[PDB]
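Next comes model02.csv, a file with CSV, N, CA and C atoms.
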```csv
chain,number,residue,atom,x,y,z
Y,1,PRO,N,0.8,-1.2,0.0
Y,1,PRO,CA,0.0,0.0,0.0
Y,1,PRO,C,0.8,1.3,0.0
Y,2,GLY,N,0.2,2.4,0.3
Y,2,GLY,CA,0.9,3.7,0.3
Y,2,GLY,C,1.8,3.9,1.4
Y,3,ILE,N,2.8,4.7,1.2
Y,3,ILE,CA,3.8,5.1,2.3
Y,3,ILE,C,3.1,6.1,3.3
Y,4,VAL,N,3.2,5.8,4.6
Y,4,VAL,CA,2.6,6.6,5.6
Y,4,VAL,C,3.3,8.0,5.6
Y,5,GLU,N,2.5,9.0,5.6
Y,5,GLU,CA,3.0,10.4,5.6
Y,5,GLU,C,3.2,10.9,7.1
Y,6,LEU,N,4.4,11.3,7.4
Y,6,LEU,CA,4.7,11.8,8.8
Y,6,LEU,C,5.4,13.2,8.7
Y,7,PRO,N,5.0,14.1,9.5
Y,7,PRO,CA,5.6,15.4,9.5
Y,7,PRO,C,7.0,15.3,10.1
Y,8,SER,N,7.9,16.2,9.6
Y,8,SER,CA,9.3,16.2,10.0
Y,8,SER,C,9.4,16.7,11.4
Y,9,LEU,N,10.6,16.4,12.0
Y,9,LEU,CA,10.9,16.8,13.4
Y,9,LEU,C,11.0,18.3,13.6
Y,10,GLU,N,11.2,19.1,12.6
Y,10,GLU,CA,11.2,20.5,12.7
Y,10,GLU,C,9.7,21.1,12.9
Y,11,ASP,N,8.8,20.4,12.2
Y,11,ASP,CA,7.4,20.9,12.3
Y,11,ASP,C,6.8,20.6,13.7
Y,12,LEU,N,7.2,19.6,14.4
Y,12,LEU,CA,6.6,19.3,15.7
Y,12,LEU,C,7.3,20.1,16.8
Y,13,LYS,N,8.3,20.9,16.5
Y,13,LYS,CA,9.1,21.6,17.6
Y,13,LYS,C,8.3,22.8,18.1
Y,14,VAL,N,8.0,22.8,19.4
Y,14,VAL,CA,7.3,23.9,20.0
Y,14,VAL,C,7.8,24.0,21.5
Y,15,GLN,N,7.7,25.2,22.1
Y,15,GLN,CA,8.1,25.3,23.5
Y,15,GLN,C,7.0,24.8,24.4
Y,16,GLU,N,7.3,23.7,25.1
Y,16,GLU,CA,6.2,23.1,25.8
Y,16,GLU,C,6.0,23.7,27.2
Y,17,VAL,N,4.8,23.6,27.7
Y,17,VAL,CA,4.5,24.0,29.1
Y,17,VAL,C,5.1,23.1,30.0
Y,18,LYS,N,6.3,23.4,30.6
Y,18,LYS,CA,7.1,22.5,31.4
Y,18,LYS,C,6.8,22.8,32.9
Y,19,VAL,N,5.6,22.5,33.3
Y,19,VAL,CA,5.2,22.5,34.7
Y,19,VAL,C,4.6,21.2,35.1
Y,20,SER,N,4.5,21.0,36.4
Y,20,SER,CA,4.1,19.7,36.9
Y,20,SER,C,2.6,19.6,36.8
Y,21,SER,N,2.1,18.4,37.1
Y,21,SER,CA,0.7,18.1,37.0
Y,21,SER,C,-0.1,18.8,38.1
Y,22,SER,N,0.4,19.0,39.3
Y,22,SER,CA,-0.3,19.7,40.3
Y,22,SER,C,-0.3,21.2,40.0
Y,23,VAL,N,0.7,21.8,39.3
Y,23,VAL,CA,0.6,23.1,38.9
Y,23,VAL,C,-0.5,23.3,37.9
Y,24,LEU,N,-0.7,22.4,37.0
Y,24,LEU,CA,-1.8,22.5,36.0
Y,24,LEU,C,-3.2,22.3,36.7
Y,25,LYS,N,-3.2,21.4,37.7
Y,25,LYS,CA,-4.5,21.2,38.4
Y,25,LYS,C,-4.9,22.4,39.3
Y,26,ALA,N,-3.9,23.0,39.9
Y,26,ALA,CA,-4.2,24.2,40.7
Y,26,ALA,C,-4.8,25.3,40.0
Y,27,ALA,N,-4.4,25.5,38.7
Y,27,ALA,CA,-4.9,26.6,37.9
Y,27,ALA,C,-5.7,26.1,36.7
Y,28,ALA,N,-6.4,25.0,36.9
Y,28,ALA,CA,-7.2,24.4,35.9
Y,28,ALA,C,-8.4,25.2,35.5
Y,29,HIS,N,-9.1,25.7,36.5
Y,29,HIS,CA,-10.4,26.4,36.2
Y,29,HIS,C,-10.2,27.7,35.5
Y,30,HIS,N,-9.3,28.5,36.0
Y,30,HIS,CA,-9.0,29.8,35.3
Y,30,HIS,C,-8.4,29.6,33.9
Y,31,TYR,N,-7.6,28.5,33.7
Y,31,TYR,CA,-7.1,28.2,32.4
Y,31,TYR,C,-8.3,27.8,31.5
Y,32,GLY,N,-9.2,27.1,32.0
Y,32,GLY,CA,-10.4,26.7,31.2
Y,32,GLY,C,-11.3,27.9,30.8
Y,33,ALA,N,-11.4,28.8,31.8
Y,33,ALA,CA,-12.2,30.0,31.5
Y,33,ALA,C,-11.6,31.0,30.6
Y,34,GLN,N,-10.3,31.3,30.7
Y,34,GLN,CA,-9.7,32.3,30.0
Y,34,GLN,C,-9.2,31.9,28.6
Y,35,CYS,N,-8.6,30.7,28.5
Y,35,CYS,CA,-8.1,30.3,27.2
Y,35,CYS,C,-9.0,29.3,26.5
Y,36,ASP,N,-10.3,29.6,26.5
Y,36,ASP,CA,-11.3,28.6,26.1
Y,36,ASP,C,-11.4,28.5,24.6
Y,37,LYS,N,-11.4,29.6,23.9
Y,37,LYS,CA,-11.6,29.6,22.5
Y,37,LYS,C,-10.5,28.8,21.6
Y,38,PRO,N,-9.2,28.9,21.9
Y,38,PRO,CA,-8.3,28.1,21.1
Y,38,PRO,C,-8.3,26.7,21.4
Y,39,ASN,N,-8.5,26.3,22.7
Y,39,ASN,CA,-8.6,24.9,23.0
Y,39,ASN,C,-9.9,24.3,22.4
Y,40,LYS,N,-11.0,25.1,22.4
Y,40,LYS,CA,-12.2,24.6,21.8
Y,40,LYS,C,-12.1,24.4,20.3
Y,41,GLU,N,-11.4,25.4,19.6
Y,41,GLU,CA,-11.1,25.3,18.2
Y,41,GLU,C,-10.3,24.1,17.9
Y,42,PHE,N,-9.2,23.8,18.7
Y,42,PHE,CA,-8.3,22.7,18.5
Y,42,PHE,C,-9.1,21.4,18.6
Y,43,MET,N,-9.9,21.3,19.7
Y,43,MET,CA,-10.6,20.0,19.9
Y,43,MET,C,-11.7,19.8,18.9
Y,44,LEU,N,-12.4,20.8,18.4
Y,44,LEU,CA,-13.3,20.7,17.3
Y,44,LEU,C,-12.6,20.2,16.1
Y,45,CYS,N,-11.4,20.7,15.8
Y,45,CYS,CA,-10.6,20.3,14.6
Y,45,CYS,C,-10.2,18.8,14.8
Y,46,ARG,N,-9.9,18.4,16.1
Y,46,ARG,CA,-9.5,17.1,16.3
Y,46,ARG,C,-10.6,16.1,16.2
Y,47,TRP,N,-11.8,16.5,16.6
Y,47,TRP,CA,-13.0,15.6,16.4
Y,47,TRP,C,-13.5,15.6,15.0
Y,48,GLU,N,-13.2,16.6,14.2
Y,48,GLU,CA,-13.7,16.7,12.9
Y,48,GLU,C,-12.8,16.2,11.8
Y,49,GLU,N,-11.5,16.1,12.1
Y,49,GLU,CA,-10.5,15.7,11.1
Y,49,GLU,C,-10.1,14.3,11.3
Y,50,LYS,N,-10.1,13.7,12.5
Y,50,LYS,CA,-9.8,12.4,12.9
Y,50,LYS,C,-8.3,12.1,12.5
Y,51,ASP,N,-7.4,13.1,12.6
Y,51,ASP,CA,-6.0,12.9,12.2
Y,51,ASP,C,-5.2,13.9,13.0
Y,52,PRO,N,-4.2,13.4,13.8
Y,52,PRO,CA,-3.3,14.4,14.5
Y,52,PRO,C,-2.4,15.2,13.5
Y,53,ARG,N,-2.1,14.7,12.3
Y,53,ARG,CA,-1.2,15.4,11.4
Y,53,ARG,C,-1.9,16.6,10.8
Y,54,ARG,N,-3.2,16.7,10.9
Y,54,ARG,CA,-4.0,17.8,10.3
Y,54,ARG,C,-4.5,18.8,11.4
Y,55,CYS,N,-3.9,18.7,12.6
Y,55,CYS,CA,-4.4,19.6,13.7
Y,55,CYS,C,-3.1,20.1,14.4
Y,56,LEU,N,-2.0,20.3,13.7
Y,56,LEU,CA,-0.8,20.6,14.4
Y,56,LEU,C,-0.7,22.1,14.7
Y,57,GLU,N,-1.2,23.0,13.8
Y,57,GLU,CA,-1.2,24.4,14.1
Y,57,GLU,C,-2.1,24.8,15.2
Z,5,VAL,N,-18.9,-30.4,129.1
Z,5,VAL,CA,-18.4,-30.9,127.9
Z,5,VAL,C,-18.2,-29.8,126.8
Z,6,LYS,N,-17.5,-30.1,125.8
Z,6,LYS,CA,-17.3,-29.2,124.7
Z,6,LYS,C,-17.3,-29.9,123.4
Z,7,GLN,N,-18.3,-29.6,122.5
Z,7,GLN,CA,-18.5,-30.2,121.3
Z,7,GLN,C,-18.8,-29.2,120.2
Z,8,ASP,N,-18.9,-29.6,119.0
Z,8,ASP,CA,-19.3,-28.7,117.9
Z,8,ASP,C,-20.9,-28.7,117.8
Z,9,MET,N,-21.5,-27.6,118.2
Z,9,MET,CA,-22.9,-27.5,118.2
Z,9,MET,C,-23.4,-26.2,117.7
Z,10,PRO,N,-24.6,-26.1,117.2
Z,10,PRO,CA,-25.1,-24.8,116.8
Z,10,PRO,C,-25.4,-24.0,118.0
Z,11,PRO,N,-25.5,-22.6,117.9
Z,11,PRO,CA,-25.9,-21.8,119.1
Z,11,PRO,C,-27.4,-22.0,119.5
Z,12,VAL,N,-27.8,-21.3,120.5
Z,12,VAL,CA,-29.2,-21.4,121.0
Z,12,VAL,C,-30.2,-20.9,120.0
Z,13,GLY,N,-29.9,-19.8,119.4
Z,13,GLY,CA,-30.9,-19.2,118.4
Z,13,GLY,C,-30.7,-19.8,117.0
Z,14,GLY,N,-29.7,-20.7,116.8
Z,14,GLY,CA,-29.5,-21.2,115.5
Z,14,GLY,C,-28.6,-20.2,114.7
Z,15,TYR,N,-28.4,-20.6,113.4
Z,15,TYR,CA,-27.6,-19.8,112.5
Z,15,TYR,C,-28.5,-18.9,111.7
Z,16,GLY,N,-27.9,-18.1,110.8
Z,16,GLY,CA,-28.7,-17.2,110.0
Z,16,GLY,C,-29.3,-17.9,108.8
Z,17,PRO,N,-30.0,-17.0,108.0
Z,17,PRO,CA,-30.7,-17.6,106.8
Z,17,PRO,C,-29.7,-18.0,105.7
Z,18,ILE,N,-30.1,-19.0,105.0
Z,18,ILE,CA,-29.3,-19.6,103.9
Z,18,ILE,C,-30.2,-19.8,102.7
Z,19,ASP,N,-29.9,-19.2,101.6
Z,19,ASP,CA,-30.7,-19.2,100.4
Z,19,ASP,C,-30.6,-20.5,99.6
Z,20,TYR,N,-31.7,-20.9,99.0
Z,20,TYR,CA,-31.7,-22.0,98.1
Z,20,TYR,C,-32.6,-21.9,96.9
Z,21,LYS,N,-32.9,-20.6,96.5
Z,21,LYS,CA,-33.8,-20.4,95.4
Z,21,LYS,C,-33.1,-19.7,94.2
Z,22,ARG,N,-33.6,-20.0,93.0
Z,22,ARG,CA,-33.0,-19.3,91.8
Z,22,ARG,C,-33.3,-17.8,91.8
Z,23,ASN,N,-32.3,-17.0,91.5
Z,23,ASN,CA,-32.4,-15.6,91.6
Z,23,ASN,C,-31.9,-15.0,90.2
Z,24,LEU,N,-32.9,-14.6,89.4
Z,24,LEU,CA,-32.6,-13.9,88.1
Z,24,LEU,C,-33.4,-12.6,88.2
Z,25,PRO,N,-32.6,-11.5,88.2
Z,25,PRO,CA,-33.3,-10.2,88.5
Z,25,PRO,C,-34.1,-9.6,87.4
Z,26,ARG,N,-34.0,-10.1,86.1
Z,26,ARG,CA,-34.6,-9.6,84.9
Z,26,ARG,C,-34.4,-8.2,84.7
Z,27,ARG,N,-33.1,-7.9,84.4
Z,27,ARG,CA,-32.6,-6.5,84.1
Z,27,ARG,C,-32.6,-6.3,82.6
Z,28,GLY,N,-33.1,-5.1,82.3
Z,28,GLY,CA,-33.1,-4.7,80.9
Z,28,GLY,C,-34.3,-3.8,80.5
Z,29,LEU,N,-34.4,-3.5,79.2
Z,29,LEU,CA,-35.5,-2.7,78.7
Z,29,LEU,C,-36.5,-3.6,77.9
Z,30,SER,N,-37.7,-3.0,77.7
Z,30,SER,CA,-38.7,-3.7,76.9
Z,30,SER,C,-38.3,-3.7,75.4
Z,31,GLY,N,-38.9,-4.5,74.6
Z,31,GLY,CA,-38.6,-4.6,73.2
Z,31,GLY,C,-38.9,-3.4,72.4
Z,32,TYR,N,-39.9,-2.6,72.7
Z,32,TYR,CA,-40.2,-1.4,72.0
Z,32,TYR,C,-39.1,-0.4,72.2
Z,33,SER,N,-38.5,-0.3,73.4
Z,33,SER,CA,-37.4,0.7,73.6
Z,33,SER,C,-36.2,0.4,72.7
Z,34,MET,N,-35.7,-0.9,72.7
Z,34,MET,CA,-34.5,-1.2,71.9
Z,34,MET,C,-34.8,-1.1,70.4
Z,35,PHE,N,-36.0,-1.5,70.0
Z,35,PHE,CA,-36.3,-1.4,68.6
Z,35,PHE,C,-36.4,0.1,68.2
Z,36,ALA,N,-37.0,1.0,69.0
Z,36,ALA,CA,-37.0,2.4,68.7
Z,36,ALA,C,-35.6,3.0,68.7
Z,37,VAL,N,-34.8,2.6,69.6
Z,37,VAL,CA,-33.4,3.0,69.6
Z,37,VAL,C,-32.7,2.7,68.3
Z,38,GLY,N,-32.8,1.4,67.9
Z,38,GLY,CA,-32.2,1.0,66.6
Z,38,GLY,C,-32.8,1.7,65.4
Z,39,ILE,N,-34.1,2.0,65.4
Z,39,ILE,CA,-34.7,2.7,64.3
Z,39,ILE,C,-34.1,4.2,64.2
Z,40,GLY,N,-34.0,4.8,65.4
Z,40,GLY,CA,-33.5,6.1,65.5
Z,40,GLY,C,-32.0,6.2,65.0
Z,41,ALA,N,-31.2,5.2,65.4
Z,41,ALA,CA,-29.8,5.2,65.0
Z,41,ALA,C,-29.7,5.0,63.5
Z,42,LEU,N,-30.6,4.1,62.9
Z,42,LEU,CA,-30.7,4.0,61.5
Z,42,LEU,C,-31.0,5.3,60.8
Z,43,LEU,N,-32.0,6.0,61.3
Z,43,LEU,CA,-32.4,7.3,60.6
Z,43,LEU,C,-31.3,8.3,60.7
Z,44,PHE,N,-30.6,8.4,61.9
Z,44,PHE,CA,-29.5,9.4,62.0
Z,44,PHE,C,-28.4,9.0,61.0
Z,45,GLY,N,-28.0,7.7,60.9
Z,45,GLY,CA,-27.0,7.3,60.0
Z,45,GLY,C,-27.4,7.6,58.5
Z,46,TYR,N,-28.7,7.3,58.2
Z,46,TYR,CA,-29.1,7.6,56.8
Z,46,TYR,C,-29.0,9.1,56.5
Z,47,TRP,N,-29.4,9.9,57.4
Z,47,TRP,CA,-29.4,11.4,57.2
Z,47,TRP,C,-27.9,11.9,57.0
Z,48,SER,N,-27.0,11.4,57.9
Z,48,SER,CA,-25.6,11.8,57.8
Z,48,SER,C,-25.0,11.3,56.5
Z,49,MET,N,-25.4,10.1,56.1
Z,49,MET,CA,-24.8,9.6,54.8
Z,49,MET,C,-25.4,10.3,53.6
Z,50,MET,N,-26.6,10.7,53.7
Z,50,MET,CA,-27.2,11.5,52.5
Z,50,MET,C,-26.5,12.8,52.4
Z,51,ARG,N,-26.2,13.5,53.5
Z,51,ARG,CA,-25.5,14.8,53.4
Z,51,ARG,C,-24.1,14.6,52.9
Z,52,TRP,N,-23.3,13.7,53.4
Z,52,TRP,CA,-21.9,13.5,53.0
Z,52,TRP,C,-21.8,13.0,51.6
Z,53,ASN,N,-22.8,12.1,51.2
Z,53,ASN,CA,-22.7,11.6,49.8
Z,53,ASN,C,-23.1,12.7,48.8
Z,54,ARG,N,-24.0,13.6,49.1
Z,54,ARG,CA,-24.3,14.7,48.2
Z,54,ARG,C,-23.1,15.6,48.1
Z,55,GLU,N,-22.4,15.9,49.2
Z,55,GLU,CA,-21.2,16.7,49.2
Z,55,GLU,C,-20.1,16.1,48.4
Z,56,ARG,N,-19.9,14.7,48.5
Z,56,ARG,CA,-18.9,14.0,47.8
Z,56,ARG,C,-19.2,14.0,46.3
Z,57,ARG,N,-20.5,13.9,45.9
Z,57,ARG,CA,-20.9,14.0,44.5
Z,57,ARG,C,-20.5,15.4,43.9
Z,58,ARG,N,-20.8,16.5,44.7
Z,58,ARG,CA,-20.4,17.8,44.2
Z,58,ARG,C,-18.9,17.9,44.0
Z,59,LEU,N,-18.1,17.4,45.0
Z,59,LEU,CA,-16.6,17.4,44.8
Z,59,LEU,C,-16.1,16.6,43.6
Z,60,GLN,N,-16.8,15.5,43.4
Z,60,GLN,CA,-16.4,14.7,42.2
Z,60,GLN,C,-16.7,15.4,40.9
Z,61,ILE,N,-17.8,16.1,40.9
Z,61,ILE,CA,-18.2,16.9,39.7
Z,61,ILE,C,-17.2,18.0,39.5
Z,62,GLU,N,-16.7,18.7,40.5
Z,62,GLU,CA,-15.7,19.7,40.4
Z,62,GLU,C,-14.4,19.2,39.9
Z,63,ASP,N,-14.0,18.0,40.4
Z,63,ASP,CA,-12.7,17.4,39.9
Z,63,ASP,C,-12.8,17.0,38.4
Z,64,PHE,N,-14.0,16.5,38.0
Z,64,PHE,CA,-14.2,16.1,36.7
Z,64,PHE,C,-14.1,17.3,35.7
Z,65,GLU,N,-14.7,18.4,36.1
Z,65,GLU,CA,-14.7,19.6,35.3
Z,65,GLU,C,-13.3,20.2,35.3
Z,66,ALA,N,-12.5,20.0,36.3
Z,66,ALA,CA,-11.1,20.4,36.3
Z,66,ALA,C,-10.4,19.6,35.2
Z,67,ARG,N,-10.6,18.3,35.1
Z,67,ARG,CA,-10.0,17.4,34.1
Z,67,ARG,C,-10.5,17.9,32.7
Z,68,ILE,N,-11.8,18.3,32.6
Z,68,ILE,CA,-12.3,18.7,31.3
Z,68,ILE,C,-11.6,20.0,30.9
Z,69,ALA,N,-11.3,20.9,31.8
Z,69,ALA,CA,-10.5,22.1,31.5
Z,69,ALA,C,-9.0,21.7,31.1
Z,70,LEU,N,-8.5,20.7,31.7
Z,70,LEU,CA,-7.1,20.4,31.5
Z,70,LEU,C,-6.9,19.5,30.2
Z,71,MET,N,-7.9,18.9,29.7
Z,71,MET,CA,-7.8,17.9,28.6
Z,71,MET,C,-7.1,18.4,27.3
Z,72,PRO,N,-7.4,19.6,26.7
Z,72,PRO,CA,-6.8,19.8,25.4
Z,72,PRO,C,-5.3,20.0,25.3
Z,73,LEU,N,-4.7,20.6,26.3
Z,73,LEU,CA,-3.2,20.7,26.3
Z,73,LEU,C,-2.6,19.3,26.4
Z,74,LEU,N,-3.1,18.4,27.2
Z,74,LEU,CA,-2.6,17.1,27.2
Z,74,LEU,C,-2.8,16.3,25.9
```
As structure tokens, the full file:
Amino acid sequence: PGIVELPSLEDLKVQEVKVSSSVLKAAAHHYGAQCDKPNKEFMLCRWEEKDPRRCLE
Amino acid sequence: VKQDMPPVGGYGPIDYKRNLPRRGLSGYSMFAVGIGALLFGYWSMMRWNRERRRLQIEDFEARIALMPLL
């Protein structure tokens, strides 16, 4: 069959949120309230595209 | 003479009958006590379980907020 297409290692490079799990849990609700629109857009794209390679941006 | 004899008036009383004092409460009292304990436990459990359900809902919505970054 066809060759599986995978994005290069430069495309995946991004500065990650390097905090612990308890740091995320302590500020979970304000993060959900304030940053709601890009997370909602990303997860709608994830549920509509069914492909992690098409939801990178 | 000197022998082992009872005194002139005899000895004291000596019991030979079964003695069971019948100590305790009636059945209505203990049954009512048990029913009251059951009702108090049920009320306390209803309050604590409702509070625990609210706490679980709060934790779940915290995970909902944290999901997209993960």
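Taking all atoms listed in the file into account, chain Z lies nearest to Y:29 out of the set Y:13, Y:29, Y:54, Y:37.
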field: Non-local contacts of residue Y:5 (12 Å; only C-alpha atoms; under 5 positions in same chain excluded) as a ChimeraX atom specification
entry: /Y:51-54
message: Please check the contacts: residues of chain Z at most 7 Å away from chain Y, using all atoms listed in the file, listed as a ChimeraX atom specification.
response: /Z:65-66,68-70,72-73
Coords for stretch 12-69 of chain Z, C-alpha atoms, as a short mmCIF file (atom, residue, chain, number, x, y, z; two decimals), in the first residue's frame:
```
data_model
loop_
_atom_site.label_atom_id
_atom_site.label_comp_id
_atom_site.auth_asym_id
_atom_site.auth_seq_id
_atom_site.Cartn_x
_atom_site.Cartn_y
_atom_site.Cartn_z
CA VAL Z 12 -29.17 -21.43 121.04
CA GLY Z 13 -30.85 -19.24 118.43
CA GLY Z 14 -29.49 -21.19 115.47
CA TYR Z 15 -27.59 -19.83 112.51
CA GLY Z 16 -28.66 -17.21 109.99
CA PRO Z 17 -30.69 -17.57 106.82
CA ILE Z 18 -29.32 -19.60 103.90
CA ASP Z 19 -30.71 -19.17 100.38
CA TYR Z 20 -31.68 -22.04 98.10
CA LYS Z 21 -33.83 -20.40 95.38
CA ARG Z 22 -33.04 -19.34 91.83
CA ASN Z 23 -32.40 -15.58 91.58
CA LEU Z 24 -32.63 -13.94 88.14
CA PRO Z 25 -33.30 -10.19 88.52
CA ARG Z 26 -34.64 -9.65 84.94
CA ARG Z 27 -32.62 -6.54 84.14
CA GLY Z 28 -33.13 -4.69 80.88
CA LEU Z 29 -35.55 -2.71 78.72
CA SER Z 30 -38.68 -3.72 76.86
CA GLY Z 31 -38.60 -4.62 73.18
CA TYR Z 32 -40.22 -1.37 72.05
CA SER Z 33 -37.40 0.68 73.61
CA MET Z 34 -34.53 -1.18 71.93
CA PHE Z 35 -36.34 -1.36 68.59
CA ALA Z 36 -37.02 2.39 68.69
CA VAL Z 37 -33.37 3.04 69.60
CA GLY Z 38 -32.24 0.97 66.61
CA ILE Z 39 -34.66 2.74 64.26
CA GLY Z 40 -33.48 6.15 65.48
CA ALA Z 41 -29.84 5.16 64.99
CA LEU Z 42 -30.66 3.97 61.46
CA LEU Z 43 -32.40 7.26 60.64
CA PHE Z 44 -29.51 9.35 61.98
CA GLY Z 45 -27.00 7.32 59.98
CA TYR Z 46 -29.12 7.60 56.82
CA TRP Z 47 -29.38 11.39 57.17
CA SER Z 48 -25.64 11.84 57.77
CA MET Z 49 -24.83 9.55 54.84
CA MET Z 50 -27.19 11.46 52.53
CA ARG Z 51 -25.51 14.77 53.39
CA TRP Z 52 -21.95 13.50 53.03
CA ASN Z 53 -22.73 11.63 49.80
CA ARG Z 54 -24.28 14.73 48.21
CA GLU Z 55 -21.18 16.74 49.17
CA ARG Z 56 -18.91 14.02 47.76
CA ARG Z 57 -20.87 14.02 44.48
CA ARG Z 58 -20.38 17.79 44.18
CA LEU Z 59 -16.64 17.42 44.85
CA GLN Z 60 -16.37 14.67 42.22
CA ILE Z 61 -18.17 16.88 39.68
CA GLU Z 62 -15.72 19.71 40.42
CA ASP Z 63 -12.71 17.41 39.91
CA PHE Z 64 -14.18 16.08 36.65
CA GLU Z 65 -14.69 19.57 35.26
CA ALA Z 66 -11.10 20.36 36.26
CA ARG Z 67 -10.01 17.44 34.08
CA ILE Z 68 -12.30 18.75 31.32
CA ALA Z 69 -10.48 22.09 31.48
#
```
